[PDB]
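Heads up, the thing below is written out as structure tokens.
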There are 2 protein chains.
Amino acid sequence: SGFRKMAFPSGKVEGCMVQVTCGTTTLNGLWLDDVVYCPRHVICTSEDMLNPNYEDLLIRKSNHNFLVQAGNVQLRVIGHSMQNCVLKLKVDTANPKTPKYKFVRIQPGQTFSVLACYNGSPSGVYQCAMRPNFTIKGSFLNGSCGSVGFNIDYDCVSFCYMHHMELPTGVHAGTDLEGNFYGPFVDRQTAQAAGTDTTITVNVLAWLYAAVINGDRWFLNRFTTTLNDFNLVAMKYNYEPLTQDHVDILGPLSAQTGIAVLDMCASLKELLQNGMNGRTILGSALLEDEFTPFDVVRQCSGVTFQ
Amino acid sequence: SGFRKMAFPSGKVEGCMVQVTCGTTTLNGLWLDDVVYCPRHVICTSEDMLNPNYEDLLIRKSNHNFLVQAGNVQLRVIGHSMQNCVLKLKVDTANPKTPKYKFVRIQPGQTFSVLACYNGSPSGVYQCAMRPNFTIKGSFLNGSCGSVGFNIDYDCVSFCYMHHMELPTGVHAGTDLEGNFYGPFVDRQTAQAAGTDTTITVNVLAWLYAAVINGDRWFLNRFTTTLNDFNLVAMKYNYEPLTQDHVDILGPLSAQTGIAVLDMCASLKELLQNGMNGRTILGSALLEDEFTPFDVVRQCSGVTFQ
Ligand SMILES: *[C@](O)(C(=O)NC)[C@H](C[C@@H]1CCNC1=O)NC(=O)[C@H](CC1CC1)n1cccc(NC(=O)OC(C)(C)C)c1=O
Ligand SMILES: *[C@](O)(C(=O)NC)[C@H](C[C@H]1CCNC1=O)NC(=O)[C@H](CC1CC1)n1cccc(NC(=O)OC(C)(C)C)c1=O
Ligand SMILES: [Cl-]
């Protein structure tokens with residue numbers, strides 16, 4: 001048993017990670033086939049970044065200006081291209097280690113693994129959810145940009161995130177791999193802010209189910225709520241309204257534990273109202289909301305990858 | 001910006017995960033050069049494991065009684081030895097993906113990443129800590145055995161743990177890669193109890209520095225303490241004694257923050273006494289003790305691996 005925050009195994013993503021340098025700026029690219037995907041702000045300097053004309057600065061750039069590096073190997077760049085906020089560097093060699101892959105745009109509430117890299121080199125990996133306000137709570141230092149977020153369904157790598165900026169509050173913003181920002185954010189020096197976050201209710205119930213599967217059940221009660229009456233409470237505390245689709249999505253864990261959603265919902269209403277009364281759940285002193293239904297099923301039924 | 005429980009990238013260990021089957025029992029093997037290491041309870045039937053004679057059981061097995069699979073490819077076993085609680089299977093092929101590596105035996109309070117495997121397939125990666133009672137709070141289902149713990153020091157993978165058993169309350173025990181157990185446990189299906197866990201004081205302090213490095217300051221007080229005065233209070237909240245070497249080891253972080261260790265101790269001493277009274281630190285409502293001084297430097301100064 002046990003229950004941890006669990007990243008995907010990162011090896012298939014390490015294989016793709018390169019260093020990209022334009023003038024003074026060095027960060028990370030994602031090397032799939034003969035293309036290297038990196039944030040388009042690799043091109044500009046500390047100046048302009050007030051409000052930089054990427055179309056215009058790219059025209060001036062020479063392929064020679066991009067020093068791309070895979071360990072102890074300079075890759076010849078032979079073409080450059082811009083999609084939204086991502087630079088595409090055509091190079092004269094396809095990546096021997098390209099895995100099967102997809103570019104997907106995840107919905108808020110959905111979780112991925114992040115491989116934090118510096119100078120094309122991976123530092124560490126960690127799990128994190130796309131907040132409803134389209135920020136993520138990462139761990140990103142200068143040089144981290146171009147680091148990516150991904151899910152691994154079997155042998156297929158689904159790339160969902162490339163890193164761009166930090167925000168005030170120590171939260172992060174970035175793009176899908178077609179270079180569109182999650183949320184209303186922009187690749188400038190321009191001053192920017194998250195907007196009010198909400199608690200991902202569906203995920204809190206999932207984790208409660210996770211605790212029950214793992215013996216931690218002190219908070220189970222003989223009481224029941226309607227969906228409506230449950231939302232009337234949780235919504236007061238800035239929790240996502242819970243929907244029938246949410247309740248359906250919780251079907252499998254409801255069945256595995258034998259506890260109905262609207263029963264667990266009465267445990268959740270109580271924990272919000274009276275707090276945890278000095279107790280922990282899965283060794284947490286608050287209600288963790290960064291595990292999806294599927295994340296619990298994965299960890300707790302033990303589904304493997306390759 | 002941000003701080004996070006961060007696992008080492010698992011790429012280099014993934015290429016060493018094999019499946020080992022002996023009759024009706026399947027678990028994970030660690031394949032380094034021409035040797036596969038697994039737990040020795042792979043030669044047992046579910047009735048042998050109540051009180052087995054592993055020496056006797058191993059005498060009654062041939063090389064062919066070990067089906068070792070690396071992807072599709074089966075590996076021919078050409079020898080077998082038992083070192084303490086691990087099986088060493090000599091195979092006919094050297095692992096091309098074998099990293100530079102060594103075997104270490106870690107101290108309590110030291111952290112490492114776990115690559116949870118089922119059937120020689122890597123499933124998940126998570127950081128944890130050798131608890132002072134010689135257990136690990138991991139995430140392990142049936143089939144997980146042979147999954148290892150490890151650090152990366154630049155490019156050298158240090159293997160520190162192989163997984164063997166679950167103990168009461170959903171904590172875990174295993175061995176170093178010489179098959180010696182951490183703590184007083186045995187390779188047996190017997191009633192075994194872990195012993196009372198305490199909090200890793202030097203780690204909580206390391207994390208209080210992380211809080212302060214990431215702009216969490218509220219818990220700083222205008223007081224200092226003696227080591228002795230600190231231990232008197234910590235003893236009474238099940239905190240491991242803080243020694244002069246723990247203070248000395250905390251020096252670099254003290255110097256980075258300008259906050260004297262024994263002043264940080266005095267802030268911790270107040271937190272144990274008055275509790276946290278509903279406030280968080282790095283988004284935790286309890287004091288984290290699973291980051292080493294070196295982990296905090298690692299992540300805050302962003303050190304990288306290859
Ligand atoms: C990225 O460009 C990089 O790694 N380049 C080498 C960095 C990564 C961030 C800096 C440290 N933490 C990070 O996550 N991003 C930026 O520097 C980013 C580039 C903009 C085009 C998007 N960026 C520029 C300017 C200002 C900020 N934000 C900022 O200063 O935020 C506060 C919280 C005020 C410090 C920013 O992210
Ligand atoms: C491991 O052997 C395996 O994966 N084999 C295929 C397995 C690890 C799993 C099982 C559930 N959680 C885990 O960590 N270990 C065992 O099953 C071990 C075998 C060890 C040689 C003795 N094992 C066997 C019997 C009983 C127990 N523990 C047990 O009964 O746990 C409680 C009830 C909590 C005391 C055990 O770990
Ligand atoms: Cl907590």
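Chain labels run A, B, ... following the order of the structure tokens; each chain numbers its residues from 1, and ligands are numbered from 1 in the order shown.
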
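Near residue A:235, within 12 Å and counting only C-alpha atoms, sit residues 198, 199, 200, 201, 227, 228, 229, 241, 242, 269 and 272 of chain A, not including residues fewer than 6 positions from it in the same chain.
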
Show me, as CSV, the residues of chain A having an atom within 9 Å of ligand 3, each with the closest atom pair and its distance in Å, using only C-alpha atoms and all ligand atoms.
```
residue,atom,partner,partner_atom_place_in_ligand_line,distance
A:280,CA,ligand 3,1 (Cl),7.9
A:283,CA,ligand 3,1 (Cl),7.3
A:284,CA,ligand 3,1 (Cl),4.2
A:285,CA,ligand 3,1 (Cl),3.9
A:286,CA,ligand 3,1 (Cl),5.2
A:287,CA,ligand 3,1 (Cl),8.2
A:288,CA,ligand 3,1 (Cl),8.4
```

Residue subset to file, keeping N, CA and C atoms, as a compact mmCIF listing (two decimals), in the first residue's frame:
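Saved the output as part-v2.txt:
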```
# COMPACT_ATOMS: atom_id res chain seq x y z
N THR A 280 -4.43 14.00 10.46
CA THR A 280 -3.94 14.03 9.08
C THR A 280 -4.69 12.98 8.26
N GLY A 283 -1.12 11.37 5.67
CA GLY A 283 -0.08 12.24 6.20
C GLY A 283 -0.15 13.66 5.68
N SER A 284 -1.31 14.18 5.30
CA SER A 284 -1.46 15.62 4.92
C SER A 284 -2.40 16.31 5.91
N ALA A 285 -2.06 17.52 6.32
CA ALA A 285 -2.85 18.30 7.31
C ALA A 285 -3.82 19.22 6.58
N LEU A 286 -3.78 19.27 5.25
CA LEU A 286 -4.92 19.84 4.49
C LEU A 286 -5.36 18.89 3.38
N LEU A 287 -6.37 19.35 2.62
CA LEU A 287 -7.10 18.57 1.61
C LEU A 287 -6.37 18.76 0.27
N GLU A 288 -5.57 17.77 -0.16
CA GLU A 288 -4.77 17.80 -1.40
C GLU A 288 -5.72 17.66 -2.60
```

Check: Residues at most 10 Å from ligand 1, using only C-alpha atoms and all ligand atoms? Could they come as a ChimeraX atom specification?
Finding: /A:20-21,24-28,39-42,44,46,49-52,85,117-119,138-147,163-174,185-193 /B:1-2

Next item on the list: Tell me which protein, DNA and RNA residues are within 9 Å of residue B:18, counting only C-alpha atoms, leaving out same-chain ones fewer than 2 positions away, and put them as a VMD selection string.
Entry: chain B and resid 14 to 16 20 27 to 31 36 68 to 71 119 to 121

Would you save the residues of that selection, restricted to N, CA and C atoms, as a PDB file, in the first residue's frame?
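And here's result32.pdb as it stands now:
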```
ATOM      1  N   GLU B  14      15.623   3.081 -15.313  1.00  0.00           N
ATOM      2  CA  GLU B  14      14.653   2.449 -16.247  1.00  0.00           C
ATOM      3  C   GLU B  14      15.373   1.450 -17.161  1.00  0.00           C
ATOM      4  N   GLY B  15      16.509   1.823 -17.750  1.00  0.00           N
ATOM      5  CA  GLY B  15      17.282   0.933 -18.624  1.00  0.00           C
ATOM      6  C   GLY B  15      17.905  -0.248 -17.883  1.00  0.00           C
ATOM      7  N   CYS B  16      17.682  -0.406 -16.574  1.00  0.00           N
ATOM      8  CA  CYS B  16      18.259  -1.520 -15.760  1.00  0.00           C
ATOM      9  C   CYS B  16      17.169  -2.408 -15.158  1.00  0.00           C
ATOM     10  N   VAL B  20      11.935 -10.838 -13.346  1.00  0.00           N
ATOM     11  CA  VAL B  20      12.491 -12.159 -12.905  1.00  0.00           C
ATOM     12  C   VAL B  20      11.306 -13.017 -12.452  1.00  0.00           C
ATOM     13  N   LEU B  27       8.829 -10.836 -10.039  1.00  0.00           N
ATOM     14  CA  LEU B  27       9.186  -9.503  -9.469  1.00  0.00           C
ATOM     15  C   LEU B  27      10.271  -8.827 -10.323  1.00  0.00           C
ATOM     16  N   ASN B  28      10.749  -7.668  -9.873  1.00  0.00           N
ATOM     17  CA  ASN B  28      11.655  -6.777 -10.634  1.00  0.00           C
ATOM     18  C   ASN B  28      13.110  -7.145 -10.317  1.00  0.00           C
ATOM     19  N   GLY B  29      13.971  -7.072 -11.333  1.00  0.00           N
ATOM     20  CA  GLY B  29      15.421  -7.260 -11.183  1.00  0.00           C
ATOM     21  C   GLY B  29      16.149  -5.995 -11.566  1.00  0.00           C
ATOM     22  N   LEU B  30      17.309  -5.761 -10.971  1.00  0.00           N
ATOM     23  CA  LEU B  30      18.209  -4.648 -11.339  1.00  0.00           C
ATOM     24  C   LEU B  30      19.342  -5.232 -12.172  1.00  0.00           C
ATOM     25  N   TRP B  31      19.412  -4.866 -13.442  1.00  0.00           N
ATOM     26  CA  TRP B  31      20.381  -5.441 -14.405  1.00  0.00           C
ATOM     27  C   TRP B  31      21.519  -4.430 -14.624  1.00  0.00           C
ATOM     28  N   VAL B  36      21.995  -9.630 -12.734  1.00  0.00           N
ATOM     29  CA  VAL B  36      20.629  -9.199 -12.330  1.00  0.00           C
ATOM     30  C   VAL B  36      20.479  -9.460 -10.825  1.00  0.00           C
ATOM     31  N   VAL B  68      14.423 -14.608 -16.822  1.00  0.00           N
ATOM     32  CA  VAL B  68      14.757 -13.158 -16.783  1.00  0.00           C
ATOM     33  C   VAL B  68      14.420 -12.542 -18.146  1.00  0.00           C
ATOM     34  N   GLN B  69      13.549 -11.534 -18.161  1.00  0.00           N
ATOM     35  CA  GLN B  69      13.068 -10.863 -19.390  1.00  0.00           C
ATOM     36  C   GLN B  69      13.501  -9.395 -19.368  1.00  0.00           C
ATOM     37  N   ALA B  70      14.164  -8.937 -20.431  1.00  0.00           N
ATOM     38  CA  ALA B  70      14.525  -7.525 -20.689  1.00  0.00           C
ATOM     39  C   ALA B  70      13.808  -7.052 -21.956  1.00  0.00           C
ATOM     40  N   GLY B  71      12.700  -6.313 -21.823  1.00  0.00           N
ATOM     41  CA  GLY B  71      11.743  -6.064 -22.922  1.00  0.00           C
ATOM     42  C   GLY B  71      11.121  -7.369 -23.396  1.00  0.00           C
ATOM     43  N   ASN B 119       6.474  -5.915 -13.124  1.00  0.00           N
ATOM     44  CA  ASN B 119       6.877  -6.805 -14.247  1.00  0.00           C
ATOM     45  C   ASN B 119       8.078  -6.244 -15.030  1.00  0.00           C
ATOM     46  N   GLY B 120       9.070  -5.655 -14.358  1.00  0.00           N
ATOM     47  CA  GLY B 120      10.235  -5.033 -15.017  1.00  0.00           C
ATOM     48  C   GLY B 120       9.889  -3.778 -15.815  1.00  0.00           C
ATOM     49  N   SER B 121       8.644  -3.278 -15.703  1.00  0.00           N
ATOM     50  CA  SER B 121       8.150  -2.011 -16.311  1.00  0.00           C
ATOM     51  C   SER B 121       8.149  -0.909 -15.266  1.00  0.00           C
TER      52      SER B 121
END
```

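Neighbouring residues of residue B:58 at 9 Å or closer, counting only C-alpha atoms and skipping chain neighbours under 5 positions away, are residues 40, 43, 53, 80, 81 and 82 of chain B.
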
Grab the residues selected above and save them as a short mmCIF file (atom, residue, chain, number, x, y, z; two decimals), in the first residue's frame with N, CA and C atoms.
```cif
data_model
loop_
_atom_site.label_atom_id
_atom_site.label_comp_id
_atom_site.auth_asym_id
_atom_site.auth_seq_id
_atom_site.Cartn_x
_atom_site.Cartn_y
_atom_site.Cartn_z
N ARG B 40 15.52 -12.27 -2.72
CA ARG B 40 15.78 -13.73 -2.84
C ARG B 40 14.48 -14.52 -2.64
N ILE B 43 12.40 -17.28 -5.22
CA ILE B 43 12.51 -18.78 -5.19
C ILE B 43 11.47 -19.43 -4.24
N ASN B 53 13.89 -21.72 4.43
CA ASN B 53 15.37 -21.92 4.46
C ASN B 53 15.89 -21.62 3.04
N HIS B 80 24.12 -18.43 -10.42
CA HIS B 80 23.30 -17.80 -9.35
C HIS B 80 24.04 -17.91 -8.01
N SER B 81 24.19 -16.79 -7.30
CA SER B 81 24.71 -16.73 -5.91
C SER B 81 23.73 -15.91 -5.08
N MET B 82 23.75 -16.12 -3.77
CA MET B 82 22.92 -15.39 -2.79
C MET B 82 23.86 -14.66 -1.84
#
```

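Using only C-alpha atoms, the residues found no farther than 9 Å from residue B:3, other than those of its own chain fewer than 6 positions away, are residues 137, 138, 139 and 140 of chain A; 210, 211, 214, 282, 296, 299 and 300 of chain B.
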
Margin query: My list of candidates is A:305, A:182, A:219, A:101. Which is closest to chain B when distances are computed with only C-alpha atoms?
Written below: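 Result for the nearest residue to chain B: A:305.
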